[PDB]
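Colleague: here goes the first bit of my complex:
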Amino acid sequence: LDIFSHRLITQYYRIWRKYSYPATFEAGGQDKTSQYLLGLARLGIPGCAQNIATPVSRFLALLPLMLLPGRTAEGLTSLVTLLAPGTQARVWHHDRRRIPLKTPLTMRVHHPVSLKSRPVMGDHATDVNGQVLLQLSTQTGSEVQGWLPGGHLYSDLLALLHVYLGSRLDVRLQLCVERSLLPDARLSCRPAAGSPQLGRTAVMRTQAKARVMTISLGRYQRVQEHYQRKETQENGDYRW
């Protein structure tokens, strides 16, 4: 009857573990309870993790935020703070972007443009409802290198935005730090992840003339709006 006692004891401990969450953390979204939380975070469908390519368990730290229908600046601030505590950040709304036009504004007789369309000249239109600006600032070289293109903080932030903002809005990223924390632009016969970019970080060495320098980090965007329309062959056509 030793097995009777053994089995009952075993079940007791399993039952105890059942309701002790910390015990089951197992350094990742491996337990059912961890997955349950991810479910509430709208990440419960298998196969979705593969579209993120990050340690998805990271998002649990943001769980209370993901329960909201909107995505506030409070969220972006949290993302930056979480990844590299010490780094400060600020968010501006209605960041302006220029949008190319499909057609120029022209004058016609048969099918003229009505002012109800609020037309603009034919080269570019403005967009102040599609982007926000996320500005970062650090107090040490370590954090700076992490934020620069090729760094691990840069990558992680984009990995999180991928899910937190998704397709809702694009984010323009820039970093404001003392010149003394930036590298001297140098050439190389071979490119590298940490190599300075012409229009973002490639600051020239100063001849022993620190002020704060604003550099670009990049831009977050999920959908590239490329062209594969394949017009149409047929369509939904029920008269009802």
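Modeller: Cool, the structure landed. Numbering: from 1, shown residues only, chains lettered A, B, ... in the order given.
Colleague: for chain A, what's the longest helix?
Modeller: helix A:2-18 (DSSP state H).
Colleague: and residue A:133, which of the three is it?
Modeller: When classified by DSSP: H, G, I helix; E, B strand; the rest coil, residue A:133 comes out as strand.
Colleague: I'd like to know how many residues surround it.
Modeller: Residues near residue A:133, counting by other C-beta atoms under 10 Å, number 16. For every residue, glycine as well, the C-beta is placed using N, CA and C.
Colleague: report the beta-bridge partners for it.
Modeller: Legend: beta-bridge partners of residue A:133 under DSSP bridges are residue A:92, residue A:172.
Colleague: thought it was touching residue A:170?
Modeller: No. If you go by C-beta atoms under 8 Å, residue A:133 and residue A:170 don't touch, sitting 10.4 Å apart.
Colleague: returning to that earlier point: C-terminal to the longest helix of chain A, what's the next element?
Modeller: helix A:32-40 (DSSP states H and E).
Colleague: can you list the neighbours in contact with that following helix?
Modeller: A:21, A:24-26, A:28-29, A:44, A:56-57, A:59-60, A:63, A:67 (C-beta atoms under 8 Å, 6 or more residues apart in numbering).
Colleague: only whichever of these are buried, select them in PyMOL.
Modeller: Burial among the contacts of helix A:32-40 is assessed by 16 or more other C-beta atoms under 10 Å; the matching PyMOL selection reads:
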select buried, chain A and resi 29+56+57+59
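Colleague: which one of the contacts of helix A:32-40 is nearest residue A:93?
Modeller: Residue A:93 lies nearest to residue A:67 out of these, by C-beta to C-beta, at 22.3 Å.
Colleague: rewinding a little: mind picking the two most distant members of the contacts of helix A:32-40?
Modeller: A:26 and A:67 (23.9 Å).
Colleague: would you map the strands across chain A?
Modeller: For chain A, the strands defined by DSSP state E cover A:88-100, A:124-137, A:170-178, A:212-220.
Colleague: another chain to add, chain B:
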Amino acid sequence: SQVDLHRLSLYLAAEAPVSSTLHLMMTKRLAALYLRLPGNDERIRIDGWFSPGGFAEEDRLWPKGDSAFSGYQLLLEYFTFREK
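Modeller: So that you can see how it sits with the rest, here is chain B on the chains above:
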């Protein structure tokens, strides 16, 4: 040269039947402000105004957890203790 006149934190230490009434007018229904200086007349027109400070981001009244949402903390403050 030392006195801080950046903004004055005026507290309306009065019963609700009058404090709510005065507050509304102070911040929403004013025409003009003047400052009387002894030794001179009283109609000294100045540029200034009132703006509510109850909804501050600076104090927060709690060791807010990083994971907490400020919108809900605000609601608790409102219903729990109005005088703030």
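Colleague: the contacts of helix A:32-40 again please, chain B included this time.
Modeller: A:21, A:24-26, A:28-29, A:44, A:56-57, A:59-60, A:63, A:67 (C-beta atoms under 8 Å, 6 or more residues apart in numbering or on different chains).
Colleague: can you list those in TSV and add distance to chain B?
Modeller: TSV is the format used below for the contacts of helix A:32-40 (distance: C-beta to the nearest C-beta, whole Å):
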residue	distance to chain B
A:21	15
A:24	20
A:25	16
A:26	21
A:28	19
A:29	17
A:44	20
A:56	17
A:57	15
A:59	12
A:60	10
A:63	7
A:67	8
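Colleague: whichever residue of chain A sits closest to chain B: neighbour count?
Modeller: Nearest residue of chain A to chain B (C-beta to the nearest C-beta) works out as residue A:64 at 5.0 Å. Using other C-beta atoms under 10 Å in any protein chain shown, residue A:64 has 14 other residues around it.
Colleague: I'd assumed residue B:67 was in contact with it.
Modeller: Yes. Contact between residue A:64 and residue B:67 holds when scored by C-beta under 8 Å: they sit 5.0 Å apart.
Colleague: for chain B, what lies in contact range of chain A?
Modeller: Proximity of chain B to chain A (C-beta under 8 Å from any C-beta of the partner chain) is limited to residues B:66, B:67, B:68, B:69, B:70, B:71.
Colleague: re the thing from before, residue contacts, the residue of chain A closest to chain B?
Modeller: B:67, B:68, B:69.
Colleague: so which residue is dead centre in chain A?
Modeller: Geometric centre of chain A, nearest residue: residue A:161, 2.0 Å, by C-alpha atoms, centre = their mean.
Colleague: residues contacting it?
Modeller: Applying C-beta under 8 Å, 6+ apart, the residues contacting residue A:161 are A:79, A:171, A:220.
Colleague: again, only this time at 7 Å
Modeller: Taking C-beta atoms under 7 Å, 6 or more residues apart in numbering or on different chains, we find residue A:161 in contact with A:171, A:220.
Colleague: now do the one 5 residues further on
Modeller: Contact analysis of residue A:166 by C-beta under 7 Å, 6+ apart lists residue A:222.
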